[PDB]
2 protein chains.
Amino acid sequence: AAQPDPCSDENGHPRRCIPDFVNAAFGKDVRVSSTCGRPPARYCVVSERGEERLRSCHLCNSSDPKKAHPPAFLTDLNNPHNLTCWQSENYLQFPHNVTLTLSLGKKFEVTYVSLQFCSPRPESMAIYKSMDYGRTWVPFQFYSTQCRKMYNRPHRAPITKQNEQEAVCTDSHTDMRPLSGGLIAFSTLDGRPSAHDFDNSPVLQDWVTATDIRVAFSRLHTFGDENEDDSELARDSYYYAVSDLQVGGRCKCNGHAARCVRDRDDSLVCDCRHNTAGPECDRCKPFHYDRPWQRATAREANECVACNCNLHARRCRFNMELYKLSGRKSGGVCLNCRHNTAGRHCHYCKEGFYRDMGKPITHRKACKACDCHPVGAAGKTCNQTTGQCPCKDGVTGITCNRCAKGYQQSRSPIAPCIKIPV
Amino acid sequence: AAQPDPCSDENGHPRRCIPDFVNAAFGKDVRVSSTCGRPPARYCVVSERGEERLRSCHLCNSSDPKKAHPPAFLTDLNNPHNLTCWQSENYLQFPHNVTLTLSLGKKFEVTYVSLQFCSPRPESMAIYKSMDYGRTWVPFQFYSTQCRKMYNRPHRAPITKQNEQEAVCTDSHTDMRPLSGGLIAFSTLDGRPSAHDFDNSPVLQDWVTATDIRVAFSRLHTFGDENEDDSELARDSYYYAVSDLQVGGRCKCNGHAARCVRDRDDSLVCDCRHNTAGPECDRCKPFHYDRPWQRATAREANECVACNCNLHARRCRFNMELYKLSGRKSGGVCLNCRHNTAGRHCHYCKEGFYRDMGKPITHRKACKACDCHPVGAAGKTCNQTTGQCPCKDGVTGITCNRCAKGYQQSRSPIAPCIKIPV
Ligand SMILES: *[C@@H]1O[C@H](CO)[C@@H](O[C@@H]2O[C@H](CO)[C@@H](O[C@@H]3O[C@H](CO[C@H]4O[C@H](CO)[C@@H](O)[C@H](O)[C@@H]4O)[C@@H](O)[C@H](O[C@H]4O[C@H](CO)[C@@H](O)[C@H](O)[C@@H]4O)[C@@H]3O)[C@H](O)[C@H]2NC(C)=O)[C@H](O)[C@H]1NC(C)=O
Ligand SMILES: *[C@@H]1O[C@H](CO)[C@@H](O[C@@H]2O[C@H](CO)[C@@H](O[C@@H]3O[C@H](CO[C@H]4O[C@H](CO)[C@@H](O)[C@H](O)[C@@H]4O)[C@@H](O)[C@H](O[C@H]4O[C@H](CO)[C@@H](O)[C@H](O)[C@@H]4O)[C@@H]3O)[C@H](O)[C@H]2NC(C)=O)[C@H](O)[C@H]1NC(C)=O
Ligand SMILES: *[C@@H]1O[C@H](CO)[C@@H](O[C@@H]2O[C@H](CO)[C@@H](O)[C@H](O)[C@H]2NC(C)=O)[C@H](O)[C@H]1NC(C)=O
Ligand SMILES: *[C@@H]1O[C@H](CO)[C@@H](O[C@@H]2O[C@H](CO)[C@@H](O)[C@H](O)[C@H]2NC(C)=O)[C@H](O)[C@H]1NC(C)=O
Ligand SMILES: *[C@@H]1O[C@H](CO)[C@@H](O)[C@H](O)[C@H]1NC(C)=O
Ligand SMILES: *[C@@H]1O[C@H](CO)[C@@H](O)[C@H](O)[C@H]1NC(C)=O
Ligand SMILES: [Ca+2]
Ligand SMILES: [Ca+2]
Ligand SMILES: [Cl-]
Ligand SMILES: [Cl-]
């Protein structure tokens, strides 16, 4: 409304535009492996304060909305002082994997994934992404007190330039453990050495990109003393619960759009600009092949450029050697010049025709036929630039259609203009 | 031998030449209708002196050479004081036609026909020519005392410009009649008003031309008184006799030869020069059609001119309009230029080729192909004068086979030379 076009300058010149930052999980329906309440079943909160165990107990009943704890409560608006949470099934045996999967449907770039717990935090969990609509999954971040044993990872691996795309493991989640309200937050870029100029890092750009997100919990904080780790069987306090799940980032458009939006088929997609196309504006638009696709940046917008064919070609092709040689200015090449033109830009007239000046090069019929005079000219093909036909001695005119001054017209087809003698 | 070429200058330049003047009848065998001596038979000379008739009589015997009087004696060398003469049969009735026919076999121009009589001269005779080898005959001159009656001609008709080709009749032969040694002489040109510049009179030129010559005698000078013209029957003095017949002129060559001469088949013909041909040098030689045939004159030789085709044509054609327009200099036109040349003189290179300078225009291969570079040039056909092909941007060379300074070679066939940018 009162927002001017972000994809272009105040002079109409292109500039980079990126969709707004969002929690991309807000309002979304998250898929989970486990939820309490079917069949209804009692659970207990355990309480630590002093040296006393208040085992407070309530009923998870999925058919009772006052007592239901559905995945929906993960991405509803979170009001503290009145929290809602999803809560897993109870009595979790070990080993296990209680998964939450957020499917975005469209590549985003993600700056963080975060959760607020109603229960205590897991001893162990992981976060994973899919960059391909959920056919494959890839570790994003690990949390655990036995990184090695549980996930086979070094604890707290330093991140090198050599692999800053590396999913590390840590126990930082354990620092100062409350049993409620526990926050975990994975910033995709914390501690990655190229973070400072993300804009020019393609490796981080890949790292942070995903279409879906999975968090899996695989071990509960052991309580009840666990003096005998013998107690394999579980209890009604053996569940996870979460009040809010967020995935912070923005829609992936390579700096060539100001928003994503819902098409026909209800699918999210970039509103591509800069004469770009594809769901992420990952490629140039037709006939806009003057130079290579580039992702925009702070300084350069890198719009896709229309190749020039002076209105004599439908299609266009990019040629890198030409680009290279031009000093990376232009490499487009026209195909099937159409109005008896020829050349790279359909910018000159095929032999057999010539350049009708006073009409401009863009003009349908900027190329005129050689209509060389049968008897006055010495051949059929005229000068493509100038129109001039090859004239016999004594002849003039563009088409050789006249004797010159000093000459007299014969009725010989071979020699039609003879010089006045003296 | 010690005679330099008469048909050319002392600088080798053409000049008019004409065969020598001859009596063309000398030595020739003349055909006659009547000769005495078969069978042998007595004849009489009648003699006038005082008032006495010496009827001297001798025998014409054709088998006796001391007494034979054959046509041969008409053109044998005449020695006066020892004359020889042919003599007709005797007893000539009236009317009659005793004819002598000289066949030259070749057109001559004739300045006179002359005869010396042994008998008295005829009262009436005529001379005729053939301009066509004796198929037709045409009056040349008439002699008679009754021009009107005998030849149906006005006596002594004045000659007008209006017909100076007119055969007149006269009685001049009768002036001071001896009975022996009588001379008659017809000069073809006496009294013809154009005679003075014959050289430029085509009508006299035609008048004097012939191939054969006939003299016919048709009435004898009446003697014996002829008091009674009743005497129809004739007598042994009623014959003609002639010692010498001459036909003065020269062989017809239109000023383009210094002699006639006897070819294969024994026929007389001009030794034509000035690049002329035909029995009278009446036409130009092959490939020598630059200008029209002309008869030579005192000032201008009017040689036939070779047309110029710079050694690229076998045949040649004359064109009068071109001649006219050139100011009557030249009108020749070459046919089937042969080494990929074209034009009037095969003097320029067909489209598809061009003029290889440093080789001369006469050179087989003075025309070189356009070998325009497939990728460097913008079309196949090059400049016929210069060789230059139509070059793409950045290309140079006659064949467009190189990038210019400032340009770099691509491996695109469309645009093979790109400018170094700045
Ligand atoms: C988890 O939470 C759910 C939701 O509260 C609880 O499930 C029960 O849900 C049913 C809903 O049907 C509630 O049943 C109620 O009690 C009646 C007792 O019997 C009388 O019913 C009819 C009244 O309509 C009389 O005509 C008849 O004479 C009986 O004496 C039920 O029968 C009623 O159900 C009625 O609902 C259906 C449609 O659902 C109608 O078509 C029928 O007519 C039917 O009568 C009535 O709704 C029940 O109260 C809920 N239980 C509660 C609140 O305790 C589970 O109980 C809860 N689970 C646990 C373990 O807490
Ligand atoms: C017009 O002019 C001609 C030419 O003079 C005259 O014709 C005569 O021509 C013949 C030529 O043969 C002359 O004849 C001569 O007189 C001979 C007389 O008879 C004797 O002949 C042979 C000699 O060879 C004897 O053996 C024999 O016993 C005879 O007694 C002729 O016979 C001769 O002719 C011989 O010639 C031929 C070839 O021609 C031979 O093969 C024969 O053997 C043959 O004998 C001999 O030549 C004759 O003299 C001529 N007459 C003359 C001079 O008066 C005409 O007379 C003349 N006409 C007129 C009217 O005047
Ligand atoms: C817990 O359940 C999830 C959801 O099905 C399992 O997902 C697999 O996870 C492994 C390891 O990350 C991947 O290699 C597979 O691609 C996932 N499969 C599917 C179908 O999504 C996960 O394996 C389970 N946990 C354990 C320990 O087995
Ligand atoms: C005398 O004889 C000559 C020779 O045959 C005749 O020639 C003809 O002459 C006439 C008149 O000149 C021509 O028209 C003919 O062409 C000639 N004919 C031939 C065959 O040559 C001539 O006619 C004779 N004289 C007379 C009076 O008849
Ligand atoms: C939020 O408001 C009150 C605060 O006391 C709470 O008890 C109630 O259950 C909540 N209402 C909702 C979530 O609709
Ligand atoms: C010519 O010479 C003499 C001269 O007296 C003459 O009588 C003779 O017949 C002639 N001889 C010839 C024509 O052979
Ligand atoms: Ca909530
Ligand atoms: Ca003689
Ligand atoms: Cl295109
Ligand atoms: Cl020729």
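In order, the residues displayed for chain B correspond to 35-456 in Swiss-Prot numbering, which applies throughout.
The way this entry was determined, per its header, is X-ray crystallography, 2.6 Å.
Keep in mind that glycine also has a Cβ here, set from the backbone N, Cα and C atoms.
According to Swiss-Prot, the feature disulfide bond maps to B:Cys119-B:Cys152, B:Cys285-B:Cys294, B:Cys306-B:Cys315, B:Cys318-B:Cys338, B:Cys341-B:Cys350, B:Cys343-B:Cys368, B:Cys371-B:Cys380, B:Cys383-B:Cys401, B:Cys404-B:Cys416, B:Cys406-B:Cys423, B:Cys425-B:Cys434, B:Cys437-B:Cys451 (among others). If you look up Swiss-Prot, you'll see B:47-284 marked as domain 'Laminin N-terminal', on the strength of sequence analysis. Positions annotated as domain 'Laminin EGF-like 1' by Swiss-Prot: B:285-340. Among the features that Swiss-Prot reports, domain 'Laminin EGF-like 2' is placed at B:341-403. Look at Swiss-Prot and you will find B:404-453 tagged as domain 'Laminin EGF-like 3', backed by sequence analysis. Here Swiss-Prot flags B:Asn95, B:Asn116, B:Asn131, B:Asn417 as N-linked glycosylation site, drawing on sequence analysis.
The recorded positions near B:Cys294 (disulfide bond), taking a 10 angstroms Cα-Cα threshold over the set B:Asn95, B:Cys152, B:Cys306, B:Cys318, B:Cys350, B:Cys437, are B:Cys306. B:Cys285 (disulfide bond) falls within a strand when secondary structure is assigned with DSSP. Taken residue by residue with DSSP, B:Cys350 (disulfide bond) is part of a strand.
Ranked by CA distance from B:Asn116 (N-linked glycosylation site), the disulfide-bonded residues B:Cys406, B:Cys416, B:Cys437 have B:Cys416 at the top as the closest. Residues from the recorded positions list (B:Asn116, B:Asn131, B:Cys294, B:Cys416, B:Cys425, B:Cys451) with a C-beta closer than 6 Å to any atom of ligand 6: B:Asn116. The disulfide-bonded residues near B:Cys425 (disulfide bond), taking a 10 angstroms Cα-Cα threshold over the set B:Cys152, B:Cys285, B:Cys350, B:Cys371, B:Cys406, are B:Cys406.
Residues of the domain 'Laminin EGF-like 2' (B:341-403) grouped by DSSP class, helix first, strand second and coil last, total 6 helix, 19 strand, 38 coil. When the Cα atoms are compared, B:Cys401 (disulfide bond) and B:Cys451 (disulfide bond) turn out to be 30 Å apart.
B:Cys451 (disulfide bond) sits 102 Å from B:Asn131 (N-linked glycosylation site), taking the CA atoms of both as reference points. Here the disulfide-bonded residues are B:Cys343, B:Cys350, B:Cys383; the one with the fewest Cβ atoms within 10 Å of its Cβ is B:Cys350. Ranked by Cα separation from B:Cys404 (disulfide bond), the disulfide-bonded residues B:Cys315, B:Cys318, B:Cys343, B:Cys371, B:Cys423 are led by B:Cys423. Within its own chain, B:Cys416 (disulfide bond) has B:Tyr388, B:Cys404, B:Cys406, B:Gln422, B:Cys423, B:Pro424, B:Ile432, B:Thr433 as residues 6 or more apart in sequence whose C-beta sits under 8 angstroms from its own. B:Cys318 (disulfide bond) is 10 Å away from B:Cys306 (disulfide bond) when you measure Cα to Cα. There are 20 other Cβ atoms within 10 Å of the Cβ belonging to B:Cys119 (disulfide bond). Residues near B:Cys380 (disulfide bond) in space but far in sequence (CB under 8 A, at least 6 apart, same chain), listed by position: B:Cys343, B:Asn344, B:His346, B:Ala347, B:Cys368, B:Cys371, B:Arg372, B:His373. Secondary structure of the domain 'Laminin EGF-like 3' (B:404-453) per DSSP (helix as H, G, I; strand as E, B; remaining residues coil): 0 helix, 12 strand, 38 coil. Between the alpha carbons (Cα) of B:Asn417 (N-linked glycosylation site) and B:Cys383 (disulfide bond) lies a span of roughly 10 Å. Within the same chain, residues at least 6 positions away in sequence whose Cβ sits under 8 Å from that of B:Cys285 (disulfide bond) are B:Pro53, B:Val56, B:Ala58, B:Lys140, B:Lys141, B:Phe142, B:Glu143, B:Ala291, B:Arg293, B:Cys294, B:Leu302, B:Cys304.
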